[PDB]
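Working notes, structure below.
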Amino acid sequence: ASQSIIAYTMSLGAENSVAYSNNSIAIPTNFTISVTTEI
Amino acid sequence: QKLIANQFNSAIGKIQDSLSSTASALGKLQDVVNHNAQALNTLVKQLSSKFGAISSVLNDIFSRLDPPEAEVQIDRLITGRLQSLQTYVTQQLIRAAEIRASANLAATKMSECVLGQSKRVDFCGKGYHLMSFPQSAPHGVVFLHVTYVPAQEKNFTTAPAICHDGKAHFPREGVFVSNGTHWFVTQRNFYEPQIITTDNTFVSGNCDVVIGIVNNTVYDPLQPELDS
Amino acid sequence: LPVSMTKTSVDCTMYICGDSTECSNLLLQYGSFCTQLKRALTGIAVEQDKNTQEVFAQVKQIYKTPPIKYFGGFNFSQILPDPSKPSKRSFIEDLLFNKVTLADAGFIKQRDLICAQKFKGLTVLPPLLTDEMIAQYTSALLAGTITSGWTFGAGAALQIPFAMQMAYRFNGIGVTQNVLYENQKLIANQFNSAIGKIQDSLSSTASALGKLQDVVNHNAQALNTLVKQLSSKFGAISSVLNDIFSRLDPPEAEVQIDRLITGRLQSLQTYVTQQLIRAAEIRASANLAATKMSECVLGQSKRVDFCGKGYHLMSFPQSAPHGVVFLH
Amino acid sequence: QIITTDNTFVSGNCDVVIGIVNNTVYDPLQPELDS
Ligand SMILES: *[C@@H]1O[C@H](CO)[C@@H](O[C@@H]2O[C@H](CO)[C@@H](O)[C@H](O)[C@H]2NC(C)=O)[C@H](O)[C@H]1NC(C)=O
Ligand SMILES: *[C@@H]1O[C@H](CO)[C@@H](O[C@@H]2O[C@H](CO)[C@@H](O)[C@H](O)[C@H]2NC(C)=O)[C@H](O)[C@H]1NC(C)=O
Ligand SMILES: *[C@@H]1O[C@H](CO)[C@@H](O[C@@H]2O[C@H](CO)[C@@H](O)[C@H](O)[C@H]2NC(C)=O)[C@H](O)[C@H]1NC(C)=O
Ligand SMILES: *[C@@H]1O[C@H](CO)[C@@H](O[C@@H]2O[C@H](CO)[C@@H](O)[C@H](O)[C@H]2NC(C)=O)[C@H](O)[C@H]1NC(C)=O
Ligand SMILES: *[C@@H]1O[C@H](CO)[C@@H](O)[C@H](O)[C@H]1NC(C)=O
Ligand SMILES: *[C@@H]1O[C@H](CO)[C@@H](O)[C@H](O)[C@H]1NC(C)=O
Ligand SMILES: *[C@@H]1O[C@H](CO)[C@@H](O)[C@H](O)[C@H]1NC(C)=O
Ligand SMILES: *[C@@H]1O[C@H](CO)[C@@H](O)[C@H](O)[C@H]1NC(C)=O
């Protein structure tokens with residue numbers, strides 16, 4: 001519609017909160033094999 | 001095995017799509033050529049400077065001025081071009097030190113990830129490093145880091161040890177989890193529940209020294225085959 | 001470990017010329033020196049932010065801490081950020097920020113300071129990542145390391161009790177899990193007594209943060225030896241530009257002002273070469289610091305004397321001025 | 001060495017492994033199982 005230059009505060013990332021507890025562990029049930037390119 | 005092979009082939013086939021597009025993947029190899037070409041084009045452009053003389057050309061000075069006064073201005077160009085060549089050689093030495101510091105890292109990566117398996121975190125990919133596949137590149141190298149990324153997590157209730165007969169049972173290579181009613185033993189990186197037996201755990205101590213211990217029956221594969 | 005440097009920008013017409021003379025027309029006889037110097041300086045300024053983005057921006061998810069703080073008897077009150085202070089730093093990072101005496105640009109207003117070298121054409125560029133963002137990268141790394149372990153650096157964040165996380169990390173050095181669960185209170189008291197002696201070891205001997213003071217001292221000494229070369233005449237009659245035009249006359253004025261212009265250009269080239277050498281040193285130090293962060297904070301390294309003197313268990317990062325401080 | 005149930009472990013049935021070979025596993029209890 002109206003493209004323009006905008007200034008903003010640099011975002012660091014998503015805000016996550018790990019549910020820590022005295023008797024809670026997390027074990028995955030699946031996996032994902034990914035290939036990462038390093039130049 | 002077939003799901004692992006399909007994920008491996010689908011992860012290879014996306015590298016072609018990621019390298020065919022986005023126009024800026026091999027930027028680190030392009031900057032090496034673009035810095036040397038810029039340093040050479042700066043070197044051919046500093047020959048048009050007079051450096052305080054009357055002409056940048058060396059031919060129209062000796063045919064213009066006499067042997068004595070020609071010298072004052074020939075030296076002004078000579079000490080300017082020698083300084084430009086010295087700056088070019090110094091910047092080329094610094095860039096060669098940078099390329100040496102990058103090539104040492106590339107050689108250590110080729111040693112520790114292509115010729116073996118590395119236990120270092122985030123040295124050869126974001127995850128658990130399985131394999132590394134090098135590929136040929138102009139003025140560089142390209143590594144294909146096969147990694148192991150866990151997914152589809154599930155949260156249970158855990159415990160440090162098990163109280164069977166007043167004895168503490170710690171896991172050997174696993175961890176105790178609970179689905180609400182029973183307790184199992186599970187690997188740390190994949191959900192594979194098993195019955196808590198005497199072969200999965202070991203006995204060390206009693207039931208009042210561990211903070212957070214629970215009560216469960218520890219199985220044994222001998223007493224079923226001993227009572228009958 | 002030093003991570004970043006103070007970014008500097010140099011103007012040619014204010015350093016070589018005296019910003020009020022007609023010698024800018026004589027500066028074009030030399031040609032493309034200033035373009036190459038500004039390109040090298042902007043490359044250094046880009047690399048000084050690339051070093052911080054490689055060291056501190058490891059994770060992409062900002063992890064938070066639970067409100068109730070019980071981790072099996074361990075006390076992380078000196079590394080977790082203090083919500084009472086407006087800088088949102090920890091109790092250790094405040095001591096690290098009050099020991100490095102650099103010129104902070106946090107003052108609102110603008111007998112002269114050491115920032116009077118701006119008048120000679122030597123400005124200071126602010127970094128892209130502020131200190132309040134490095135303090136939030138450090139908090140996001142600490143809230144992943146305490147609550148998850150090594151799982152937040154290799155995939156999804158998997159929660160674990162800290163008493164079971166330290167029992168996991170004891171297995172990597174050759175110690176079984178039964179030593180922790182029978183002596184958990186002694187381990188927690190030893191960890192608390194070792195963290196409490198960190199601030200006592202940083203409030204003494206006046207040289208615990210010398211590697212972060214030496215880079216600021218070198219950045220000040222380079223600017224001081226750059227502004228001290230302006231008083232040198234390089235063999236001419238004076239170091240003042242209009243005094244040569246007022247004293248002598250055209251034919252011999254240019255034979256006495258090119259000796260100053262070439263000398264100032266040589267001093268600027270020397271400053272740029274020394275800043276390029278220091279940028280390579282700080283880039284090597286920042287690559288080493290990023291490797292140390294990835295191998296000691298985001299996991300457990302079995303290397304000898306890489307993550308401290310002894311068998312490495314865990315590492316905690318701290319935000320530092322122009323660097324990073326690890327707690328091994 | 002002989003496959004003697006202390007060098008191996010059991011996990012699932014033998015119909016999902018591609019390339020399995022039928023052999024015997026020597027239980028070291030049944031020769032000494034006099035009771
Ligand atoms: C927790 O896991 C156990 C073991 O898998 C479950 O027990 C089985 O439940 C199924 C379905 O009710 C029964 O057919 C089996 O006979 C049970 N086996 C045993 C040994 O009891 C249990 O139901 C699970 N609990 C929850 C809440 O999921
Ligand atoms: C695990 O089992 C033990 C018994 O083997 C429990 O200890 C008992 O606790 C009750 C409640 O305080 C006491 O009245 C008994 O005298 C205890 N028995 C013994 C032998 O000490 C223990 O509470 C159980 N733990 C859990 C979490 O259920
Ligand atoms: C973690 O350590 C800090 C520092 O020793 C503790 O804070 C002190 O607590 C005592 C007890 O009330 C006070 O007298 C001190 O004035 C506190 N010092 C500071 C700097 O705040 C804190 O209590 C400890 N927390 C836990 C859970 O052990
Ligand atoms: C391994 O042993 C199994 C069981 O003895 C074999 O399965 C039998 O194969 C024969 C020949 O094809 C069939 O007639 C039977 O009906 C099968 N029995 C069962 C229970 O499936 C299997 O072929 C053997 N494999 C090898 C490679 O020797
Ligand atoms: C357990 O996992 C589920 C699904 O990811 C999530 O919604 C829930 O908040 C988790 N609970 C805890 C205590 O971690
Ligand atoms: C863990 O135990 C402590 C001490 O009993 C308690 O204060 C804390 O709330 C517990 N944590 C959770 C998540 O329940
Ligand atoms: C794991 O993921 C793959 C691909 O997404 C899927 O085919 C498979 O069924 C999944 N396995 C489990 C146990 O969820
Ligand atoms: C800019 O000017 C305003 C008002 O003149 C003043 O309040 C403010 O502090 C100034 N900022 C700087 C950075 O000088």
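So you can find residues: chains in the structure tokens are A, B, ... in the order shown, residues in each start at 1, and ligands are numbered from 1 in order.
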
Please find the residues of chain B near chain C - the criterion being any atom within 9 Å, counting only C-alpha atoms - and write them as a ChimeraX atom specification. /B:39,42,45-46,48-53,80,83-84,87,90-91,94,97-98,101,119-123,125-128,148-155,158-161,168,170-172,204-205,209-211

Within 9 Å of ligand 4 (only C-alpha atoms and all ligand atoms), residues as a ChimeraX atom specification: /D:14,19-23

Residues of chain B within 9 Å of chain A, counting only C-alpha atoms - could you list those as number ranges by chain? B: 4, 7-8, 10-12, 14-15, 25-29, 124-127, 132, 137, 140-159, 177, 186-192, 212

Env. residues ligand 8 / 6 Å / only C-alpha atoms and all ligand atoms / as a ChimeraX atom specification: /C:108-110

Residue selection dump (N, CA, C and O atoms) as a CSV table (one decimal), in the first residue's frame:
```csv
chain,number,residue,atom,x,y,z
C,108,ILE,N,23.3,12.5,29.6
C,108,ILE,CA,22.3,13.1,28.8
C,108,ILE,C,22.8,14.4,28.2
C,108,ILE,O,22.6,14.7,27.0
C,109,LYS,N,23.4,15.3,29.0
C,109,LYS,CA,23.9,16.6,28.5
C,109,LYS,C,25.1,16.4,27.7
C,109,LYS,O,25.9,15.4,27.8
C,110,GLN,N,25.4,17.4,26.8
C,110,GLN,CA,26.6,17.4,26.0
C,110,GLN,C,27.1,18.8,25.9
C,110,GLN,O,27.8,19.3,26.8
```

Sel. of helix (DSSP H, G or I) residues, range 53-103 of chain B, as a ChimeraX atom specification: /B:59-62,67-103
